[PDB]
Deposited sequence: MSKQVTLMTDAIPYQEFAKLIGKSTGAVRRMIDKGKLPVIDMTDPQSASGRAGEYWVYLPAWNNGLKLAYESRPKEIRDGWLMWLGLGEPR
C-alpha cells in the first residue's frame, strides 16, 4: 500500500460503482473520508477515501459476527 488514500472516483472504479453513487455514499456518511480543499475557503473539494480505516473497518465488521454465519461457508469447500 504505497498510498493510504485514493480519490473517490478511483475507489468507485474499484468497487464497480458509479461516481455519483459513491458521492451519495459519502453524503449519507458511509465511507472513511478525507477532504482536500484549498486553504483559502470554508465550505468542499476533492474527496479521498482513506484505505486503512476502510479495511480495518471491514475487518472489525467481519470478525464481529458470530462464528456460525462467519465460518459456516467453509464447509462447502470441505472444511
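Colleague: Comparing the deposited sequence with the modelled residues, which stretches have no C-alpha coordinates?
Modeller: Missing C-alpha atoms (numbering from 1) occur across the ranges 1-6, 50-51, 88-91.
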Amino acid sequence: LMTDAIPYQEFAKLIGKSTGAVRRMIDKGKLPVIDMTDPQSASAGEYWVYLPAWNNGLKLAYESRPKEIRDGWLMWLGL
From here on, numbers count along this sequence of modelled residues.
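Colleague: Mean Cα B factor from the PDB record: higher for 48-56, or higher for 33-41?
Modeller: According to the entry, 33-41 carries the higher average C-alpha B-factor.
Colleague: Looking only at CA atoms, which has the higher mean B factor in the entry: 62-70 or 15-23?
Modeller: Higher mean C-alpha B-factor in the PDB entry: 62-70.
Colleague: By the recorded C-alpha temperature factor, relative to the other modelled residues in its chain, which third is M75 in?
Modeller: Middle third.
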